[PDB]
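**Student:**
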Ligand SMILES: Cc1cc2nc3c(=O)[nH]c(=O)nc-3n(C[C@H](O)[C@H](O)[C@H](O)COP(=O)(O)OP(=O)(O)OC[C@H]3O[C@@H](n4cnc5c(N)ncnc54)[C@H](O)[C@@H]3O)c2cc1C
Ligand SMILES: Cc1cc2nc3c(=O)[nH]c(=O)nc-3n(C[C@H](O)[C@H](O)[C@H](O)COP(=O)(O)OP(=O)(O)OC[C@H]3O[C@@H](n4cnc5c(N)ncnc54)[C@H](O)[C@@H]3O)c2cc1C
Ligand SMILES: OC[C@H]1O[C@@H](O)[C@H](O)[C@@H](F)[C@@H]1O
Ligand SMILES: OC[C@H]1O[C@@H](O)[C@H](O)[C@@H](F)[C@@H]1O
Ligand SMILES: OC[C@H]1O[C@@H](O)[C@H](O)[C@@H](F)[C@@H]1O
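Protein chains in written order, with UniProt numbering: chain S, 46 to 618; chain R, 46 to 618; chain U, 105 to 156; chain E, 469 to 572.
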């Protein structure tokens, strides 16, 4: 028996833990995955000296913990086997494939992570706010009050994640790109650093944020928190919440301890599901919410009929570019060069404080020293210069989020022939209208690796605005990127596989009224009809959004915890 | 000040820790890498429920922690850049490439791991003994005594690693392959399970061994070892051992703390280098042993002239096969089948104890139940059947090691069209003659990511026996694999990139006499001339070997620790 | 190239490759319909795909 | 050096070339359709013995060239299709279409 049980140790479960552990509740958290980040539990796996000296290797960490959600039956023909080798005469269900899944209506890129800290052990740490157009209402019919509430919640969420907008301010590459885009779109669009949940520790090391930054996940009481009560139980699959007959309260959480193999019940006053947008939905459907099995309008669900409908996933377009000659030359515009590199007389100088100069003295000092100390190198950019981290945020006239940066999630073999200092990534993210017909559903016959109902998608990007904007977004990336350089062969402009982006929303969506707003939870993230069941995560977000969703989910979680603190009393200690 | 300092927390450093911590020495261990395996420090990263349900993902873990040793300057032509993109007019040194390295005399596949537990956090756990022909002598001119000494040491090493030869005995696939090969080579060759450092915990989970199994790496004193003294210091680059002027003793270890950035000296009575075959050599050369820079016979080293010469790396050939129809049919040979799958009357039965039957009752029960419970599946092998783990060990008439198995280190995109139950890997490992001209050397101008002398290889597989055997080995794999099935398209018979195998030896090789045996350390792993400096690892092994080397290195380490225990006194506690 | 330019495949089964990186604006069918001269009679697993 | 080894295939009644009664080819003729598998038994055993023979023989000349590793080619690439209108002495006894003068 606990006051609060939290299912999942990602950043949203850790928001609940931070708030409720600190308010004096006796809290248990369960995660199906295991401790994986070193002694700081749930921390970012990129925070090792070795990864930040070898950042192109971190893609492997990401791939090693992303398990595909739904893989259709494979129908590739291999007809070069030896005649002696066994073969079936059909494309039978094999290798964990989902025979429920239509390959042409999938989110094939969707994947999940089962590790303590969830996906925050690997994420990019981009934490923009949503503007009004992307954001669910929290206050009706008072836009200024709605704005104020979101400001309060986002400010707190940014403190929990340690979001900032200046960690890359000393990068030549970053400023080169930022300034060029600002000049080219003079006035029409604004560019800034991507807001990043990160703290720079040195010129070559950034402590990226994670679940661990939100809550350190150490069992309590302990020496630094002697009056707090928290236990984390890894390798525990949560399987079901038990409803009372009234459908007004949850009475227990059924768990499966994966090490001992045993199944148990856990009692709490408050149950919080933060297993991610897929797995929250799976747990609820396994518990009698929504409808199990292939959708069937001749059998409508008794509870939460919009659960698993109106799902959204963003369109993602990507390319990389190779910096233009004009931009590279501009880095060294303040330099006077005499002689030829490698000779006795070679000299690269700048007149400091000359205001015929384009750059600050710090920039020019970096460049001069690189040029003098590495005369065999043909570029003016220092070797350890950090990557660009640039955005123009979503606006009505460009309704997509943008990142102009270097991401550790590379999508192809990493090329080695072109100097890495020249390369910039472009990722533009589109917003998807919620539609009832877009669904996440769970099989009544097929099970996943943990013996739970197999997830199945029925998804297409909506016709209309979603599709038109997606193609306008692609064009915008082609036009904007060209101001910085031409495309890099092997990273030409492309749409990524649906759901690779991992910004799935709306699977258990929020609204004011269950029926009118086709929703599952209220603005306190409380499941309609239930006193003591709350859902956290991106699954709550009911709108068409392009920006990265986690900060918005965390903000909703903070609001949810206010409701809990006001309506449930911590047990005596 | 410590009694013993150990550089590196791989399985060989942990052998030294196990032996010396337990004998009451005050021990410090430094590793340049960080804690990465969860709460069990230095443990195998495959020991998570999630990886063993998704084993094809573990390749990513391996790739994410293998950093190439020496990458030659890239000369690929990309001529499809936009005219606006910057480009150099030469193939200049970029992206961390090593301009010292001849691309045609490299071990391009060689890589290192910088993580607590070293490569044992990811390894395959194959731990065969070497036979006489592969093994260095420990006793001269008394082969039976030599045998006895190796038996004693290997027995102890096998206890430390928890090596066994029965963990796969209940696999249908394993036994199918094993038995077929035994029959086909009736008498001529013997097949057995690969010896594996592993303990099966359930039919679907194996606790693979690692450094952590050898020594748990927890600081001591602690509750379970209250009279022991050990500290592990991760994120500490060891840079130099300081020689006294006599070249008879090491007086300190120079370290660089990578978090604080500070450099310190550490004093011990005994210094143990277990940084791996590359990095032991780098540390020694950085300390004044051997010769820094491009080899030059007009400037012979004052100390350890054979350091970094006589290096060996194994040839590796690989393929995968798809099980033959005849073998698949044999799984179900004891079954009577009536009706057609999916109908009311379908029946798969066996007569238990009939000794017209080919298989034991347990096998037939597994098959019957799979066939009855999964009538839509066309194969008789159960879904969770473990992989084959088969070897015929090196012999004079087939002087290569073999593994007929499923390894988590896949080398290509994992194919999805052919059922995984059908697939078997084949890896044959050849022995390489030590030759003085095969060298690992370190640049006097180029530095690696940790500001240490850049490693450079000058390597070719020797002409003569090595090359002839390598090609005979390839042919042997082609002939043997054909008894099980035809090749799998996309995994056709091939030599792997030189050094991918990661069995590099001989970089600081062992022998009885420094000059006569062209060696660096004696049979106690003590560096000649030095009272208190010991080297552990594969770098010690001076012979041409085909089998996996770690168990042999650990056995040498056990012997080294006997010498230490007999010649150095632990400080009072 | 001469050889390839004059070898016309005898029987090509219906293609079932999934391309899911098209733009949302591009037309697509909801099935693997008979297209590009493929032979819907042909079992892809009992063919001489190289015959030409 | 290239290595190409060619195996013999037992004739079996079940291996067929047939023509569609609905689908037509580019010249508006009945579309050809194959129903073919290499026979179990001798054909398949020999094919795999042939592969092994190529691996053993080629090794006396040199190692494989990366990108041209030992492989079976797509069925029928070889273009040595036979027996579609086969010869024999007696139509029924020898399951055939033409006599030894190639007369139908
Ligand atoms: C490579 C990558 C880059 C990303 N970059 C960004 C970015 O820059 N900005 C951003 O906003 N978003 C980003 N995302 C998305 C972001 O990581 C997620 O939105 C966020 O982690 C969701 O938090 P969560 O706590 O709701 O769920 P998760 O982080 O998914 O955590 C859910 C947890 O629940 C557990 N669990 C699941 N099922 C069960 C069960 N049945 N029982 C018990 N436990 C269970 C899991 O093991 C997991 O740890 C990125 C994701 C990835 C992988
Ligand atoms: C994928 C894979 C599969 C393998 N499978 C097998 C197998 O089945 N059987 C087998 O016998 N072998 C196998 N090997 C090889 C085996 O893992 C190594 O032989 C073994 O780990 C070597 O042990 P070690 O302690 O000498 O060195 P390592 O395990 O390399 O450990 C050396 C340690 O030293 C540290 N270090 C390096 N430089 C410094 C420095 N300057 N200062 C401080 N610390 C430093 C490193 O961070 C590291 O942790 C495999 C390896 C890999 C990667
Ligand atoms: O695919 C990588 C992308 O993944 C998304 O989940 C992140 O939000 C982006 F920041 C990131 O660039
Ligand atoms: O490349 C993988 C191979 O790596 C080697 O280091 C191991 O010893 C083998 F067991 C393993 O199959
Ligand atoms: O695929 C090419 C082969 O084609 C066959 O038709 C020829 O008979 C062979 F000689 C030739 O090598």
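Don't be surprised by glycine CBs; every beta carbon is placed ideally from N, CA and C.
Under three-state DSSP, which class holds residue 267 (chain R)?
**Tutor:** Of the three classes helix, strand and coil, the one that applies to residue 267 (chain R) here is strand, per DSSP.
**Student:** With 8 Å set as the bound, which would you pick, yes or no: does the beta-carbon of residue 126 (chain S) sit closer than that to a beta-carbon of chain E?
**Tutor:** Yes, residue 126 (chain S) counts as interfacial toward chain E.
**Student:** Are the C-beta of residue 122 (chain S) and some C-beta of chain U separated by less than 8 Å?
**Tutor:** Yes, because at least one Cβ of chain U sits closer than 8 Å to the Cβ of residue 122 (chain S).
**Student:** What did DSSP end up calling residue 166 (chain S) once you bin it into helix, strand or coil?
**Tutor:** DSSP places residue 166 (chain S) in helix when its eight states are reduced to three.
**Student:** For residue 238 (chain R) versus residue 275 (chain R), is the C-beta distance shorter than 8 Å?
**Tutor:** Contact: no.
**Student:** If we count Cβ pairs, one from each stretch, closer than 8 Å, do we get three or more for the segment 93-109 of chain S versus the segment 108-121 of chain R?
**Tutor:** Because the criterion of three Cβ pairs below 8 Å is met, the segment 93-109 of chain S and the segment 108-121 of chain R touch.
**Student:** Note down, in chain order, each residue of its chain lying with its Cβ closer than 6 Å to the Cβ of residue 475 (chain E), except the 5 sequence neighbours on either side.
**Tutor:** 514, 515 and 518.
**Student:** For residue 119 (chain R), tell me which candidate among R:146, R:126 and R:321 has the shortest Cα-Cα distance.
**Tutor:** Measuring from the Cα of residue 119 (chain R), the nearest candidate turns out to be R:146.
**Student:** Can at least three beta-carbon pairs, one atom from the segment 296-313 of chain S and one from the segment 559-571 of chain S, be found at a separation below 8 Å?
**Tutor:** The segment 296-313 of chain S is not in contact with the segment 559-571 of chain S.
**Student:** Are the beta-carbon atoms belonging to residue 316 (chain S) and residue 578 (chain S) less than 8 Å from one another?
**Tutor:** It is a contact, given that the beta carbons lie within the stated cut-off.
**Student:** Hey, would you say the C-beta of residue 171 (chain R) is under 7 Å away from at least one heavy atom of ligand 4?
**Tutor:** Yes, the beta carbon of residue 171 (chain R) sits closer than 7 Å to at least one heavy atom of ligand 4.
**Student:** Quick one: Cα of residue 286 (chain R) to Cα of residue 418 (chain S), how far?
**Tutor:** Each residue's alpha carbon lies about 30 Å from the other.
**Student:** Bridge partners for residue 550 (chain S) per DSSP, in chain order?
**Tutor:** Residue 550 (chain S) pairs with S:357.
**Student:** Between residue 424 (chain S) and chain U, is any beta-carbon pair separated by less than 8 Å?
**Tutor:** False, the Cβ-Cβ gap to chain U never drops below 8 Å.
**Student:** Taking CB distances under 8 Å as the criterion, tell me whether residue 480 (chain S) reaches chain U.
**Tutor:** No, residue 480 (chain S) does not count as interfacial toward chain U.
**Student:** Using a Cβ cut-off of 9 Å, which residues of the segment 514-542 of chain E contact any Cβ in chain S, in chain order?
**Tutor:** Those would be 514, 515, 516, 519, 539, 540, 541 and 542, in chain order.
**Student:** Please list the segments of the alpha helix (DSSP H) lying wholly inside the segment 373-439 of chain S, counting only runs of 4 or more residues, in order along the chain.
**Tutor:** If we require 4 residues or more, the alpha helix (DSSP H) runs fully inside the segment 373-439 of chain S come out as 406-418.
**Student:** Does any residue of chain B have a CB that is nearer than 8 Å to the CB of residue 505 (chain E)?
**Tutor:** Here chain B cannot be found, since the structure's protein chains are S, R, U and E.
**Student:** Return yes when the C-beta of residue 563 (chain S) is under 7 Å from any heavy atom of ligand 3, and no when it is not.
**Tutor:** Residue 563 (chain S): no, Cβ never under 7 Å from ligand 3.
**Student:** Could you tell me the alpha carbon to alpha carbon distance between residue 493 (chain R) and residue 305 (chain S), rounded to whole angstroms?
**Tutor:** Answer to the nearest angstrom: the Cα atoms are 46 Å apart.
**Student:** Kindly identify the DSSP beta-bridge partner or partners of residue 73 (chain S).
**Tutor:** Paired residue(s): S:50 and S:276.
**Student:** In three-state DSSP terms, what is residue 213 (chain S)?
**Tutor:** It is coil, neither helix nor strand.
**Student:** Identify the contact partners of residue 99 (chain S) in chain R, using a Cβ-Cβ distance below 8 Å as the criterion.
**Tutor:** Near residue 99 (chain S) (Cβ distances below 8 Å), the residues of chain R are 112 and 494.
**Student:** Is there contact between the segment 361-379 of chain R and the segment 528-539 of chain R, where contact requires at least three CB pairs shorter than 8 Å?
**Tutor:** At 8 Å Cβ cutoff, the stretches touch.
**Student:** Taking C-beta pairs closer than 9 Å, name the residues in chain U that residue 502 (chain E) reaches, listed in chain order.
**Tutor:** The contacting residues are 114, 115, 146, 147, 150, 151, 152, 153 and 155.
**Student:** Nearest-angstrom Cα distance between residue 230 (chain S) and residue 528 (chain S)?
**Tutor:** Spanning the two alpha carbons is a distance of roughly 10 Å.
**Student:** So, helix, strand or coil for residue 639 (chain R), using DSSP?
**Tutor:** The structure shown has nothing for residue 639 (chain R), since chain R only spans 46 to 618.
**Student:** If you scan the segment 299-350 of chain R from start to end, which runs of the alpha helix (DSSP H) of 4 or more residues do you find wholly inside it?
**Tutor:** Segments of the alpha helix (DSSP H) lying fully in the segment 299-350 of chain R: 321-330.
**Student:** By the DSSP assignment, the beta strand (DSSP E) with residue 241 (chain R) in it spans what residues?
**Tutor:** Its beta strand (DSSP E) spans residues 241-247.
**Student:** Cβ closer than 9 Å: which chain E residues qualify as neighbours of residue 143 (chain U)?
**Tutor:** Chain E residues near residue 143 (chain U): 488, 491, 493, 499, 500 and 501.
**Student:** Say the cut is 7 Å; is the CB of residue 348 (chain S) nearer than that to a heavy atom of ligand 2?
**Tutor:** Not under cutoff, so the answer is no.
**Student:** Could you check where the alpha helix (DSSP H) with residue 564 (chain S) kicks off and where it finishes?
**Tutor:** Run containing residue 564 (chain S): none; DSSP gives neither H nor E here.
**Student:** Which same chain residues, not among the five before or five after residue 484 (chain S), have their C-beta less than 8 Å away from its C-beta?
**Tutor:** For residue 484 (chain S), where only same-chain residues beyond five positions count, the Cβ hits under 8 Å are 340, 353, 354, 356, 502, 503 and 504.
**Student:** Does the beta-carbon distance from residue 32 (chain R) to residue 581 (chain R) come in below 8 Å?
**Tutor:** Because chain R in this structure spans residues 46 to 618, residue 32 (chain R) falls outside the shown range and cannot be described.
**Student:** On the premise that residue 598 (chain S) lies in contact with residue 61 (chain S), defined as a C-beta separation below 8 Å, what is that separation, rounded to the nearest angstrom?
**Tutor:** Not quite, the Cβ-Cβ distance comes to about 11 Å (not below 8 Å), so this is no contact.
**Student:** Would you mind working out which of S:420, S:472, S:370 and S:272 sits nearest residue 393 (chain S), comparing C-alpha positions?
**Tutor:** Checked all of S:420, S:472, S:370 and S:272; the closest Cα to residue 393 (chain S) is S:420.
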